[PDB]
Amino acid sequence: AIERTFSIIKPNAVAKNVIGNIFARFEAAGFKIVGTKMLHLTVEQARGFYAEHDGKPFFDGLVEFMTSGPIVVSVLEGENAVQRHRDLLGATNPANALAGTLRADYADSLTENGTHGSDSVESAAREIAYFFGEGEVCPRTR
């Protein structure tokens, strides 16, 4: 089915100026970018999004990193998009990600793997709703 999945290009990737390279990979893989914006998360925003993680040891480090610089959040559309996006991204740990995947190609470290992708259709809807408001998701009309 046609799905919409959520993407985050993390601070390290934005800092390295590879937003275009990553977007190009999304498009080459058949995804259509239907929503996108650059923003710099406040700690309030980060803790409201990553709340789930409020219980692990590296939580404080995660929030610090995700609020350390601007990020690009996007909505990608396509058939079976949620799983295909996860496939494109590769393993969470850059060390285990296969050559060519976004984590292998653009990660700088395990915590700084450069990209995030929704893990399910359900989580994608929640993540998209958190960052994209009215008229921010734009269906293709041509």
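Numbers for residues come from their place in the sequence shown, where the first is 1.
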Subject >> Residue stretch of maximal mean CA temperature factor, 55-63 vs 41-49 >> reply: 55-63
**OP:** Look over 2-10 and 132-140 in the entry and identify the one with the greater average Cα temperature factor.
**Re:** 132-140
Subject >> Of the residues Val82, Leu110, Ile33, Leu89, the one carrying the largest Cα B-factor as recorded >> reply: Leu110
Original post:
Going by the entry, which of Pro94, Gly100, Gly78, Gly117 has the most elevated CA B factor?
Top reply: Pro94
